[PDB]
Every structure is written in structure tokens, then in C-alpha cells.
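experimental structure and sequence below, a few questions after.
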Amino acid sequence: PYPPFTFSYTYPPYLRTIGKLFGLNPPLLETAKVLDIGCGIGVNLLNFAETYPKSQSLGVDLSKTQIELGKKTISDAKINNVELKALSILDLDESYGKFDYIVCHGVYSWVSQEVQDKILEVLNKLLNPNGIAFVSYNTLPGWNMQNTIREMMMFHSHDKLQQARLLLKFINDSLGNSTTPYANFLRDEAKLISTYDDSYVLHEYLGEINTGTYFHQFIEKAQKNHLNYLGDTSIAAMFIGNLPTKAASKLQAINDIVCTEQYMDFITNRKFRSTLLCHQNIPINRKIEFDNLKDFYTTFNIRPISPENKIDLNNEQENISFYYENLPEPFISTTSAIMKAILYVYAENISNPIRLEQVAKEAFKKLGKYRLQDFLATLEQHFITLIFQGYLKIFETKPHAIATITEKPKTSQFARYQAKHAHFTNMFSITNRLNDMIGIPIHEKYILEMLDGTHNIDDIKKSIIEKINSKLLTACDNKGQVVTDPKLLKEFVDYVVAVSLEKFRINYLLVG
Amino acid sequence: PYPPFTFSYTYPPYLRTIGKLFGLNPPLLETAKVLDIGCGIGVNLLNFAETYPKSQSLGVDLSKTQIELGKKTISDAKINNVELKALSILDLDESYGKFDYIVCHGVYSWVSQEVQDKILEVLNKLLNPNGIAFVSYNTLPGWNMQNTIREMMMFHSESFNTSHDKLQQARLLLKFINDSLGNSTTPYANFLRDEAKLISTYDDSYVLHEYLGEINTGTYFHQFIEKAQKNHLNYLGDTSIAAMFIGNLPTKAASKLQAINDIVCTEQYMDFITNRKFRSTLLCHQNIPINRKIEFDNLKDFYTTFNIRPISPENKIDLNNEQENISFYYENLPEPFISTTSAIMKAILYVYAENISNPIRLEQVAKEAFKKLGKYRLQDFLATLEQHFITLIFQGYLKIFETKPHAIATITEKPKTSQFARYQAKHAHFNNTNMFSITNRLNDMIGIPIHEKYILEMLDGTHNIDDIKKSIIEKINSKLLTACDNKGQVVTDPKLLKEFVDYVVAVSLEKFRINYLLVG
Ligand SMILES: Nc1ncnc2c1ncn2[C@@H]1O[C@H](CSCC[C@H](N)C(=O)O)[C@@H](O)[C@H]1O
Ligand SMILES: Nc1ncnc2c1ncn2[C@@H]1O[C@H](CSCC[C@H](N)C(=O)O)[C@@H](O)[C@H]1O
């Protein structure tokens, strides 16, 4: 029927990180009042409203259906905090109130110019002064290609109508040689929609016609509306320097954000953007001074090849390798015993953010060798670059979740409610404490929904033993075959319970 | 001031060739009445109106300035055939009569939809039934990129600076782009690198016009043909033969394409996968069936030219030897082209080289190739032309004509050019950019260096070859502004500079020979 969706980058505790990063002063979370335009179902604000019981929230949408259905999901989870109303963006006065965080996900490209400027204008009168605005949209020249591909598909219809995919199986097969004038391109654009899902293609490329806009046209429409450009929720975008050094110099030399960004859209073929705005009074500082960056809880997710126990750190002739999120290849390596000492603690601390100084402290106590400020030196010198490349995540304040197993694990009422409604093809989607959406198998949903903090690690093991022994769950053990037996299923359910609880650990799914 | 530009693909003797290719019967050239919308200065109608003195014609434009200037340039050339008028396309109706050929070149994309469709219906009411229409426009999705590239320039020409103003920082933006793309990036921007770098080419006039001056808009083809069929017009084809031809795609795709047997689809998708920037399309009254079946029986009535120079001169090479492999050349590129083996191919090609830039009927190619070596029958010489040639004429490597043009392939010992081409060399468009631009008898524009511009204005038929060599020696040994070709000298000796001016003037006369610049 309708997708439930939630995004890490629309989370108020995130926008507050972007704000407190650039020298702004976003409002207080606990009392924060958030507003969502084009709320839809509204599952986007829910997890927030559960984390900060004192934070009121108001969503709006034009569809009466979505509003009512969402109101059901909101009532059934016992979430009294949020409020949803069915209206058109053109009715705002103000009232109702000013909000500390506003979020508009893409409705911007899908609606008329009249409502278009009207969005910015509500973001003028409905935004408390230190608050933060979020608007997502499509940008040129990335909109050109996708648009034309919707034209090509749109020009032949022989009925499916998914025969459009028989167009692309055509294109990649068609074309052929013509080595690389333009032909190496458009291969990527065709081949790259064969991914996503049958829903995406039909949504974007069929619609509901949407229109792209230009950076300078958007934030030029944000100006004159008395708003300014704070940044982008994707850090790895706003960062430059992958281009040759010569050009980089001449870029920074002009020192105008709108120029460097608008120009960065052309060389990347930038399709979308999620942009945050703020009132044009407050000055912004894009100088990153480490002394203000030591206050940010960070997470670098890496695991090493060798355990600390079996290795020594002070060794030089040895070079050890970590790994990032996936993969090999290993990413970085050392050699330098000041590097190992830190990275290893960025491993032990996986999925429990820690203050940046505390990385030097903990990396110090781990190995007493040198002073502390030298650990802070190597941390300042090349790390920050890694946090602007997206490999290090920053948070203020810490999210509410834990990196340890509580011996009677407990999750959010939300994730435990999500574990009721399937919307099942790969696996289930569940929202962790960061508003991000996690995949999860069926048995992990059966282990998950059962943690309210009442049951110890065994109680679930039992309830799984039945479900496997009885109908619902089944399982097999290698090589293929199995369907098991009374005792051997037991330890299988033990292993599968330890892995599932660890995944729930490092994914920010453990509230207590 | 304004562009003095002329294009081979707008020539009535050309549009009539594409018409008589597709089985139409365009009107008569001698009496032809041609009309040009947005003529500007109007230099496009002239070299026709002078070559066929009985052909009247009228250009029109909105700019009174341009119109008056053209009214001047025609007088200085003493051309009584053309006429220029200042009008809006909305006032053109029917009072100026019906025309056998109409040309609208690069307006349709620069003007409002109202004047836009007004163009098409105007092409309905003033076009003699069998006449032919020409319209050029920018198209998608090839116009998109180039547009965005005009966006960057239209943006960073404010902040990025130094200096004064438009085209300069525009070029510093191009060289900037290429600098900002190193080998550090090859996902996509190989495409944008090639497309931007491609703009470091063309001309300061082009760049200043297209990517700088007023807003132009592309269209989708099928929306164009769909706005023509709505105006009671039909799609004849394109003035670029090498365009309408498919087959570079694998057979699997090719066949599945041709099967549908609907032209407008087969073309449009060729706009999608080739990224077609512009189009020059000719239309006609529907009313008249057109046939895209190309019968060899209708193509032997076309004068053809294959432009070639041999690697091996005929004197020193045998013909019937089947162990020897020849190469030749195509036009000015320094790449060997074709090879054989079959001595009927040597026999033919060698007569296609002798006749370079001298069109001859395909039959006459078979005859001359027969007299070249008596061996086999004649119908086989017509055969080897049938098997693989026509493919080459659809790839643009063989040029076709109806009514072979007015020009000469030989040096008359007192060379002479058109009173037009001898006029153009008195004025711009400079400079030795590269060289001067001159209009041959085919409406094509040949660059010529300064010294060749000094010889070309000096052939009225009054001066012999030696009179040429003398006046060039003077211009050097005198107030000068000299230039040279290869070796290394450039300089002063009399006995050297004599034989040097002999060579340079003979080469210059050959270039005018094969370029259709010799009317006698
Ligand atoms: N004029 C209008 N007033 C209020 N909502 C509108 C609107 N026009 C469109 N919308 C809403 O904007 C939504 C865009 S789809 C966005 C879904 C949701 N924001 C998410 O992705 O999580 C649609 O559901 C539509 O109902
Ligand atoms: N409404 C109008 N009526 C008549 N001419 C117009 C017009 N609008 C634009 N034009 C003319 O169309 C011309 C397009 S520039 C084309 C120049 C010329 N056809 C060539 O290729 O060499 C301009 O010179 C402009 O004067």
C-alpha cells in the first residue's frame, strides 16, 4: 500500500550535529518542536517522539487517507506525543506555533511553483530563529538524463508496462560498440536503474511528473525569502579536494559557498540534494577548528585482522590492517604505534559514540607510552579529513542506545511495534535509535519483538526452540539437508541468538 | 559585424538531389524561385542566384540593419537576381507568391512558439506543391548538455573574471574545466571533458553566438514532425545522408529496429542513443508519395564523386596482378583507406581518383573503368558498383548530385573563378582563427591562406600562370606580409624564391581545382 520510511539524515539529533558543527546554536532537543511537511504516514518523526517524551511534533499532508492510517499506527504504539493533520501547504497562517526543527522531504520537485515558493515562505514564518530547516529536491544537470530516460521509456508502450525494462535489456544490448564518445555513458544510466526496486522506477520515472531545479535557483529562492544555506545532510558531498590540487586552489580562492557548490554539481552530475537552511541573520563559520570538534561523539566502524591480545602495539616492523563496513581491501594500515593505539579503540567502541578527546584518553590508557596531546596531534592531523569523507560519524549528544548486552535486553517500543507489522523480497525493515532503517531476518524479528526487558537470554531461546520445533520457524544445518533434531537444534538456536543479539548491539537497537 | 556564412546543405541543387533521391521530382533550377527566412546579410542566396541567372529569389529578415547591408553587398557584386526585405514572419502570407525552394536555417530554435509554428504554416501556403522546405533546429537530448555548458559560462562569467569580458573568461572556464578533470576522474566526465574541450574548437563568432548570446531552445524531433504533419507537411529526410543511415548497432538491435518500419520512431531513437545536437530537415507537401527503397536503377542517374589520391601511381603498378594490394587515400586525412586484390576494383577506383571533384554518372564510371582495362564485360563494372558502393554513398564517402555543378576540374592556363568568389576575397571573414573563408560553386566554404586569397582574387581569366607567379614574387619582395609552406626557408634568395613561388602557386591552383573554385 504505502512504504513506511525513515531516514537517518532527517533526524533532529542529526540536524543539530550539522548545526553545532558549523558554529550555529540549534535549540534544545528535549523540548524541541518538530514539524513535517508532506508527512505521509508520519513514521519519520515517531522514533524521535519516543526518544524525547517532552518533544511535541506536528505533521501535515494533503492525503486524508495517509493521515488517518498514520493516526492508527500512532495510536497502536501508544505514542501520544505526535500530532498529524490533513491539510494543504497553502493554509499556513501562522498558527500553528513556531517549530525548532522542520523537515520537508521531497515534495519540492513534485508540486507547482505556487506551492514551491510557498514552502520557503512557511519556512520563513514557521521557523523559530535558531531552528533548522530541511528541504530535499532534484538538481540539474543530474535531472536531465533521468528525465530523458523517462522520455524514452515514455515513448514506447507491446504491453506490460514493465516492458520498459525490456527497453534497457534492449539499450545495453542495443548500442553495443561506439566505444566511448557518449556511449560509455547512458550505459551507466540504463544499467543503474536495473537496481533499486520495481517501486522506485514506477515512482520516479513514471509518476507524477517531477521537475528538477538548479542549486543557485533553489537557494536564490531561499534568499529574498530571508533564508540562508547551512549545508547538506550528506557530508561527503560538501567536501572538495578529490580533483587535482591546481583546480582546488582556484576554487577556494573565490570563497563563495554557493559558487563552489553550484559548480560542484556540474562536475559530479548531481541529481538530488538534501539542504538545510537557517535564518539569514546568524553568521555561519565553515572554518573547522579542532578545538570545537573535540566535543563531538564519533564512531569509526572498523575491525582489525589480528587481536590485540596476540599482538604488541609498540612494534614497528609490523604493519596491521583494519577493515571498513564491508570488504576487503583493508583500507588503512600502520606501522606507526600511535595509529594502532587509536584505531583499535575505535574498534572496541563500535556503535557507542565517544567524545573525540576521549578517543585520545582511552587510546592513552590502552597503552601508556607517550603523552596524551600527541595522541591528540595525530588525531587532529589526519582524522578530520576522514570525518569529512563520511568514514567517521559525528553526534551531539549521544543517541539513546547501548553497545552492551543488558542480560534482559530491551528495545524501543517503536522497533518492537515495527516488529509486529511485517511489510515483508529480502527481509524486514526496523528503525533503530538513529531513525535509520535496518534489514532483519524473520528469526531475528522473532528474537527482537520479544525483548521488552522482561525476558533473559534464555527465555527467548525457549520461545525460539518451540517456533523451530513447531510450525512458523524452521531451520537447516549444513551441508544443506538437516531439519535437525532435539539437542542439535538447541545449540544452533544458541549461536543464532548470540549473533542476533550482537547485531542488535552494534546497530543501535539496544535501549536497555 | 554579422556572420557572412553559407552552407552546402542549403543549396537548391542539393535539396533537389535529396528530393530526386527519394523518388520525388523537385521543380526546375533554371527558373527556380527560392525564399529564405531569416536571411540576415543574405549571402546564402547569392552564389545560386549568380550561377542560374534566370532564378529569382527573395530573402527576408527582421533586422533592418542586416537587410540594408545585404542590399549593399549584392550591389557591389552586381547581382540582379536576389531581393531582400525587412519583414516579420507573421506578415509573409501569400502576397509574395509560391516558391520552389524555401530555406529556414537556425531561426526556429531562437524564437517564440507563435512565430515558430507560424514558420511551418508559412511553409505550407507559399510552397509550390512539388517544392521543398528546409528547417534547421537544435534537438534533444543533445541540446541539454550544451545548454548546461552555456549555464556554467552564464554563471561564472560574473564571479570568475580577469577579464574583459565574455569570450575570454568563457575560454578560461573551459580550460578551467579540463584542469579540474584530471585522470583522478573517469566515471562520466570523460563525456563532459570531450564536450567542453570540443568548445575550445569552432569559432569566437560561434561561441559568442550559441553559448553566450540570446536564449535558444531545442525540440524533440517527433514534436517537430508532429507540428508539421499538423500543418499539412511531411518528412522528406535530412540533408546529411550519413545521418539517416543506421547499422553501426549490432544486427540483433538493427533488425529489431527496421522491422517496426515506422521512420519517425527509427530516427527519434537514433536521436537518443547518438545524442543529436542539431538537425537540418527537409519537408514537402504530403500529397506526394516518397519511397526510401534505394534501387540501383535510380542511382546510376546521379553524378558521383569519390575523392581519392593513390598510394601507388598507375604508371608504376600493374592492374590484373592479384597478389598486389593497394591503399589509396580519402580526401585530406593521412590514413590509407581501402584495399584489393580484385583488379576490377583497381580499375574502377583509379578512374574515381582521376575524376576527384569532377562528378560523373555511375554508368560513366563503369564505362571509363572498362576502357581503363578491357578484360571482362561492362555489366560487371556496373556490378562491382552495385555490390559495394551504394553503402559508401550512404556513409557520406561518396557524394551524389543531380545536374553536375558549374565548375571545372582542369586549369585553363588563364584561371577564372566566380565573380562572387572573386568578390568575397576583398572582405572578411578573416583571419590567418586560421584562414579566410570563400564560397565555392557548391555553397561550401573553403579556408584559404592569405597568399591563396591573393591568387584567387587575381584570376579573372586575364592573367596566365606566369602573371600569377610574378605578382606573388612582387607581394613578397615588396611590402610583404609573407608566409610559407613546409621545407624550412620563408626567406630571401631570388633563385630559390622563384622555384618556391612556382611550387606554392601550382599547389594553390590544384586546391582551387578540386575545390570547385574554377568556373573556367
Ligand atoms: N500540496 C500539498 N500539501 C500537503 N502535502 C502534499 C502536497 N502535495 C503533495 N503532498 C505530499 O507529499 C508527499 C511526497 S512523497 C513523500 C513521502 C514522505 N515524505 C517520505 O518519503 O517519507 C506525498 O505523500 C503527498 O501526499
Ligand atoms: N520575427 C522575425 N522575423 C524575421 N526574421 C527574424 C525574426 N526573428 C529573428 N529573425 C532573424 O533570424 C536570424 C537568425 S540568425 C540566422 C542567420 C542566417 N540564417 C545564417 O545562417 O547565416 C536573425 O538574423 C534574425 O534577424
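That came in fine, so what should we check first? Numbering: from 1, shown residues only, chains lettered A, B, ... in the order given. Ligands and ions are numbered 1, 2, ... in the order given.

could you use CA atoms for every contact and neighbour count after this?
Noted.

which residues does residue A:148 contact?
residue B:141 (Cα atoms under 8 Å, 6 or more residues apart in numbering or on different chains).

for it, what is the enclosing helix or strand?
helix A:143-154 (DSSP states H and E).

what is the burial count for the closest residue to residue A:98 other than its chain neighbours?
Using Cα to Cα, 6 or more residues apart in numbering or on different chains and skipping residues adjacent in sequence, the residue nearest residue A:98 is residue A:126, 4.7 Å away. The number of residues packed near residue A:126 is 23, by other Cα atoms under 10 Å in any protein chain shown.

just to revisit the earlier point, check which element follows the helix holding residue A:148 along the chain.
For helix A:143-154, the succeeding helix or strand toward the C-terminus, using DSSP H and E, is helix A:163-173.

show me what the helix or strand following that next one is packed up against.
Counting by DSSP H and E, the element after helix A:163-173 in chain order, helix or strand, is helix A:187-191. Packing partners of helix A:187-191 (3 or more Cα pairs under 8 Å, 6 or more residues apart in numbering or on different chains; DSSP states H and E): helix A:163-173.

make sure residue A:230 is indeed in a strand.
Yes - residue state for residue A:230 (DSSP: H, G, I helix; E, B strand; the rest coil) corresponds to a strand.

list the contacts of it.
Residue A:230 neighbours (Cα under 8 Å, 6+ apart): A:19, A:22, A:275, A:276, A:277, A:278, A:284.

picking up where we left off before, wait, what's in contact with the residue nearest to residue A:98?
The contact partners of residue A:126, by Cα under 8 Å, 6+ apart, come to A:94, A:96, A:97, A:98, A:99.

need the residues of chain A near ligand 1, please.
Within reach of ligand 1 by Cα under 6 Å from any ligand atom, chain A has these residues: A:5, A:38-40, A:61-63, A:87-89, A:105-107.

tell me how far the helix holding residue A:148 lies from the chain's centre.
Here helix A:143-154 is found 27 Å from its chain centre; the criterion is Cα atoms, centre = their mean, to the nearest Å.

and that helix, what's buried?
A:143, A:144, A:145, A:146, A:147, A:148, A:149, A:150, A:153 (16 or more other Cα atoms under 10 Å in any protein chain shown).

in a markdown table: those residues, plus distance to ligand 2.
As requested, those are arranged in a markdown table below (distance: Cα to the nearest ligand atom, whole Å):
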| residue | distance to ligand 2 |
| --- | --- |
| A:143 | 30 |
| A:144 | 27 |
| A:145 | 29 |
| A:146 | 32 |
| A:147 | 29 |
| A:148 | 28 |
| A:149 | 31 |
| A:150 | 32 |
| A:153 | 34 |
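
make a ChimeraX selection of the buried ones in the residues of chain A next to ligand 1.
Buried residues among the residues of chain A next to ligand 1 (16+ other Cα under 10 Å), as a ChimeraX selection:
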select /A:5,38,39,40,61,62,63,87,89,105,106,107
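
return the closest of the residues of chain A next to ligand 1 with respect to chain B.
Taking Cα to the nearest Cα as the measure, chain B lies nearest residue A:106 of those, at 23.5 Å.
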